[PDB]
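For reference, the structure is listed below as structure tokens.
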Amino acid sequence: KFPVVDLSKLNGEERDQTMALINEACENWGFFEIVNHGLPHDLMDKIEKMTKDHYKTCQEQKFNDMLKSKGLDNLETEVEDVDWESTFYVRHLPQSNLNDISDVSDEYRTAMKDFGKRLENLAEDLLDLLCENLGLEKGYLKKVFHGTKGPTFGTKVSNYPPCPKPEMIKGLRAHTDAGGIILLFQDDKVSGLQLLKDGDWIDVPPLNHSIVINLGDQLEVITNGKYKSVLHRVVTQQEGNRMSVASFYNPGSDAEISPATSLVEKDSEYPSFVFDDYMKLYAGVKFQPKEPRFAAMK
Amino acid sequence: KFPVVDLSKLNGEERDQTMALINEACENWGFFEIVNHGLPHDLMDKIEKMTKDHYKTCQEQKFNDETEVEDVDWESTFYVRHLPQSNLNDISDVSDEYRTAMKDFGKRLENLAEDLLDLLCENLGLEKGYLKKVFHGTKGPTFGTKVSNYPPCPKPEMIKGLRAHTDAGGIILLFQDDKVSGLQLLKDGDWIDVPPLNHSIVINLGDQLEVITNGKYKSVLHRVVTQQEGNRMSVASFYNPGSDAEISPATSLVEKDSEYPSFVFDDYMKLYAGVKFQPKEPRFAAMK
Amino acid sequence: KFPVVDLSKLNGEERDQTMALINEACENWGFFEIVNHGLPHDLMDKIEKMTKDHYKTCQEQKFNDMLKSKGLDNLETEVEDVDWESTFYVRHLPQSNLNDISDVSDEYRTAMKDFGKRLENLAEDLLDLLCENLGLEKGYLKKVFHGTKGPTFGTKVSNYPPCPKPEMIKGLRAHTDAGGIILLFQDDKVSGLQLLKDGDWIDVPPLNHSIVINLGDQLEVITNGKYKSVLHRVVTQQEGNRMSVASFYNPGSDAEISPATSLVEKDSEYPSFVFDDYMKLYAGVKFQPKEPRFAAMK
Amino acid sequence: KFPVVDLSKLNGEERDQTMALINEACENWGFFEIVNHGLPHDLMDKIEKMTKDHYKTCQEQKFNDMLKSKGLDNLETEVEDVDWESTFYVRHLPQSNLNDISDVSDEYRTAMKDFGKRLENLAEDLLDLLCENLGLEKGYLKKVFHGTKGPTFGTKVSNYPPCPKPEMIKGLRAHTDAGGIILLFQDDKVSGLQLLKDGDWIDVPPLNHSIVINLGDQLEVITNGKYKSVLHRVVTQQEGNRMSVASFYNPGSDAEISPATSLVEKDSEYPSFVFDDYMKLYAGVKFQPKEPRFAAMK
Amino acid sequence: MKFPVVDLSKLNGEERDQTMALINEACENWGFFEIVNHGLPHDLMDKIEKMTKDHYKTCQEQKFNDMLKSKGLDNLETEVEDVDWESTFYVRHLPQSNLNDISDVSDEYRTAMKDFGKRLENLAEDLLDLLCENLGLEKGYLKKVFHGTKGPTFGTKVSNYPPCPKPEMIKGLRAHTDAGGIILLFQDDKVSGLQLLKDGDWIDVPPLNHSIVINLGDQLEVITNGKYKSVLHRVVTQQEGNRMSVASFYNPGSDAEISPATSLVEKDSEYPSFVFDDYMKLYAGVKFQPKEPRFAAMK
Ligand SMILES: O=C(O)c1ccccn1
Ligand SMILES: O=C(O)c1ccccn1
Ligand SMILES: O=C(O)c1ccccn1
Ligand SMILES: O=C(O)c1ccccn1
Ligand SMILES: O=C(O)c1ccccn1
Ligand SMILES: [Zn+2]
Ligand SMILES: [Zn+2]
Ligand SMILES: [Zn+2]
Ligand SMILES: [Zn+2]
Ligand SMILES: [Zn+2]
């Protein structure tokens, strides 16, 4: 059963049990859903509606332009080198480009700014729960992530349109995320996101007004492997356009990333590096195995 | 024999024959095809190619939406405005290349429309630019393009691609499929095919030119029929008077009292929208 | 000015003028287009339509698989030994293989059979006009071409898909045709076929519902050089997929080919041979000079 | 310091810094000189000699004829409506008139033809360097310039003879060039060409065996203002006849010119138009401000 | 993208700060603005307009038709880029008035023109003082700079743009920037035609009854070190409508020294320092050529 965490149970004497659920999702799933997370359901509903309307208005034509430009009109053999995906990226931190994206509406930009700020505070709240579960001092992960200019925080807004031949192409090929903590607002009707657990692909179930959390490669390093970043993918379907609004809380470019000493006894197998060196490498090898990227930092 | 006019034959000895053919088509056919019209054949090929491919990606799967159907058109369409103001950069489903080509195509058809109106002026004995002046109104002529496809129909005898009507506006410049037929005009009690022809433009005159010419050039009924296989493309540009243009029979063409009304074009168009497939003649009477 | 012959003008006031024009193209161009040839325009439209749709359904992915098979994905330098071409061949005579091309529909197969029979009759009518212009007896060329089983007649169905860098690769390299008379139904929008005349490449202009005629090597031999087989090529372009349905009316395999004695005063420089010996040689050296193939038949 | 670019440094490990100099000149100067290009110094020396000898034999007459019919033999006061300039034009593309200029020698025409071909290839190589610096796809600008008949390429051969009172008249009044890329072989001793930069006229220094490059109005549109076409003029002097062999690589007549979409964020202030409409208008208003010509294309 | 209209009466009250900020925004971003409630009597504007239009009809219109005849502009076969479709005369007020020397004007027109020009000269100096305040300069700075030895130069260009059968062939007045200081225009309130270039588009300066159009010339661009630029403008013709134009030019005296104000120059200026009459002698010959070479020529 996929972990669903009720964050409102942290405000009372059920808080220890909630923390234990968070910790075991972090150790064994790499993913969990959160409900009662404090984000207004009214804000999620308009983010959802304006994301979908901005797709028809602005992204659908770019998407078909892409399928023509790569011959994906007609899928007669398996395509393992492209994602059946429509995306644009919004940067929040350290410097916002929200007011420079030309094709987004005023009210969409205002909703995205509010949504991004609330998710940034929720990311930092979640990192503190991780710290507590890890036996780290409060604020430890936030301070590691800061670097010189503060954390990097952006939002990937994706749609995975219907695919006539889902067997032939993935919406997004299997990978682990490079960063710190990932907070996903996904479609509540159209499924597609899957994680790999114990040798099976497991669906990340659509759930109304929920946020999906998962941990990236940097948290595997800092926890000395105690919390691993898990492989995940998006599969297409013939009917349905799955919406994806995923926010990435990453260390600053010059943050020093290393295994926390209190989590290391035997010499660590994980490297110590500067985050931007990891991200330069990751961009070119995102869909290749994760383990060579750690070795490359030594 | 359907009139085909070679516009390259206007510069010379050949001009009086050509002008006589244009006038004969305007009086008796209401339609004619033009060749050697100055539009680059590469631009037409790109327009045709991108129109057919945009139907593929953006219109065909929505068009998924036993007896004779007399109230629906078997048609997939979207509209582009050029004048007085263009919404070309606001149509969501069009690519940048298609948009750049339509803008170039639209400007050239606008210049050719005004050249054709000047040929009509000469044949009518009107001063050059007379029809363009009449069409201007306050904000200039209205000019837009209707991009249509008529997909194959299993039972073409049950439904028309587009029911019989006359066009409300001024002059219509049609870039139609050069293989798949379908457009027909009504002449002397017979439906006549408007023959597909490579790199040609089909011209026809609308209701506003019938008024201005005091019936000398009438707007002719036409339709699009479906067929069981073939998707006929249609890129049709409508050069119309401005909304507040005053439309009336040109005085030099009226010796009598005219049976045709004098009105403002937008009053004709508001009425036209609701009664497009009913008879033409009541729309003229309604303007008195 | 590229020769366009109106076959309706044989009926026959300008019939001498039409014949003189045919003769002048045969001597000086090696190519000419014919209009009003008797082939139903609706059959041509069906052939063109089904050929283009059969490419998209069956050849376009095979073509992209061949490109990556041969490394033409990257055209960083000139390719002089490959044609940027998708083709299959249909044999009509003496023995048809129309029923063995498996990915074609019964409608396409029935239309190609009707088209091929009409083109075979037009080929023989054209050969009789050449006979008259050359002063040969009626039916002379048909009789020479017959051999024991009759003429060889087949159709090459080609498409030349768009090429990102057309200056690196040809759709089909320069060559002369080995056979008798070639009847080409080519794309009426997309150009590409060129012939060499007076030291210049001249486009063979797309013309709707026209047939392009050219003379092959066997007619150069029979006419003792009076009608030469002309070099031609297909160039690619970056946008546009030129279709080509080209039918080859050739002598039978065991036909004896020699210069017609009434066209020879001075001893001929051309050989006398059996057609299949010429064809066995031609297959290996098609894109090398033509003149050594004549010498090799002595 | 006026930018001088060594093109031979593109073949090696200094190529990035060379590209950076090119991009800097394109953004901030609109002009740059190139050395170590492909042109043989002996070909430049012969072009220069035969241009100067062709002035004395053929153009000096037409120049004094010009001064006669305009009353410019004695300059009492300023002349702001004529250029103190002797010119003839050589067209190379899409069609050459080189063999139709009556008063040009056989060897001048052969040198002029070889020179033009090398400058045409250098124009296209330089346009690809701009593409790379702009982040556009390879060949982007050449493809935009092509239209139906290919680029327009011609050569303006000018001499600016000595002027008794240089204060009264310019060799060529201030203007921006209408076209794409301009490649100038100018006099290496007699100066005169100046550009306007930061509120000062700056000499374009004569330099042995160099080519001066500048960008025209069409590249400002395509780059959405990132590379502007800058005002330039030729001043006269009392002693010295400055030679000018200027080759203009322009889009084809029916080329569609518009800002490249990857260079546009907010709505562009630059129009989208067909090049020949720009040129019709430019011819009559060449020495009036540039900015109204862009406004006229909307 | 609304054309700026400034209510000058709002300077007398609690909204003076907001009004000054609007004026400053128009100076930086438009180079043009319209003013209302400017203090010129509406009845004087009406008489100027009436007498200007009647003086065209009786005295200028015959000359204009005769001007076309002499230049063969009866027949607009092709585009004319070197002639203005314009009927004009000029009135010099300062330093020396020639008003009593124009022969074909009535005494009533001459008296109204003298009164109109005096009020416009006072309004020009009031506006220059608003610019000074917005620029952080001392009160009277621009008037002092403009004075030279004999005071500012002030004249009025009285123009009509008669109907043109083929407007696409010829402009009423070709695109240019004005050479001088501040330009105060009383234009037709019905017939449009004046346009300015802003952000790559021609923008109509909309006719507005009893308004004055203000624009800044090349000299204020120099003095403000480019903070207020002189903007390109033109007059287009139409097939019917005769646009009237009464434009007054408040310019520095001939021997005035023009340079960027020292408090606006934190690093070396791209703008020259010169004497105004040298700029004007050059400008007369190159008025319809680009502006930027004229600044370079003064160095
Ligand atoms: O696009 C991704 O890589 C993604 C999105 C949401 C959650 C995890 N990963
Ligand atoms: O859609 C129409 O009404 C139409 C289209 C093309 C030509 C004439 N009429
Ligand atoms: O493929 C060929 O060699 C060919 C095709 C058509 C016409 C001439 N030659
Ligand atoms: O004659 C010209 O306009 C020119 C010549 C060379 C370089 C730039 N411009
Ligand atoms: O005549 C001019 O140059 C003018 C007239 C009015 C306003 C601005 N400029
Ligand atoms: Zn991911
Ligand atoms: Zn219609
Ligand atoms: Zn061949
Ligand atoms: Zn120039
Ligand atoms: Zn002015």
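The basis for the numbers below is simple: all heavy atoms, side chains too, and nothing from hydrogens, waters or symmetry mates. A note on names: the letters A, B, ... follow the listed sequences, proteins ahead of strands, and every chain is numbered from 1. Every number for a ligand or one of its atoms is a count from 1 in the order of the listing.
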- Task: For the Zn ion (ligand 10), find the closest N/O/S atom on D178(E) and give its atom name.
- Result: OD1
- Query: Does a salt bridge link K171(E) with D84(E), judged by any charged N lying under 4.0 Å from a carboxylate O?
  - Reply: no
- Item | Nearest-neighbour protein heavy atom for atom 4 (C) of ligand 1, which is reported as residue plus atom name and distance | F248(A) CZ, 4.0 Å
- Crowded around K50(E) NZ? As in, over 12 foreign heavy atoms under 6.0 Å? no
- Task: Taking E49(E) for its side chain and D188(E) for its backbone only, find out whether a donor-acceptor pair lies under 3.5 Å.
- Result: no
- Run the numbers for me: atoms of ligand 5, each under 4.0 Å from some heavy atom of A247(E), listed by number. 5 (C), 6 (C)
- Would you please classify the geometry between the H55(E) ring and the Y109(E) ring as parallel, tilted or perpendicular, with 30° and 60° separating the classes? tilted
- ligand 1 atoms in contact with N214(A) (distance to a heavy atom under 4.0 Å): 7 (C), 8 (C)
- Task: Give the residue, atom name and distance (to 0.1 Å) of the protein heavy atom nearest atom 1 (O) of ligand 1.
- Result: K156(A) NZ, 2.7 Å
- Message: Taking the basic N atoms (NZ, or NE/NH1/NH2) and the acidic carboxylate oxygens, is any pair closer than 4.0 Å for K281(E) and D277(E)?
- Response: yes
- Item | Side chains of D217(A) and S229(A), donor plus acceptor under 3.5 Å | yes
- Message: Below 4.0 Å from ligand 1: does a non-hydrogen atom of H175(A) turn up there or not?
- Response: yes
- Query: What orientation do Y89(A) and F248(A) show, parallel under 30°, tilted 30 to 60°, or perpendicular over 60°?
  - Reply: tilted
- Message: Could you check whether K117(A) pairs with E120(A) (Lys NZ or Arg NE/NH1/NH2 to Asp/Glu carboxylate O, under 4.0 Å)?
- Response: no
- Query: For ligand 5, does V213(E) get within less than 4.0 Å through its side chain, its backbone, both, or neither, judged by non-hydrogen atoms?
  - Reply: neither
- Task: Please find the N/O/S atom of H176(E) nearest to the Zn ion (ligand 10) and write down its name.
- Result: NE2
- Message: Going by the closest heavy atom to atom 9 (N) of ligand 5, which one wins out of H233(E), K287(E), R234(E)?
- Response: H233(E)
- Query: Numbering the atoms of ligand 5 from 1, which are under 4.0 Å from a heavy atom of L173(E)?
  - Reply: 1 (O), 2 (C), 3 (O)
- Atoms of ligand 5 close to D178(E) [distance to a heavy atom under 4.0 angstrom, numbered from 1]: 2 (C), 3 (O), 8 (C), 9 (N)
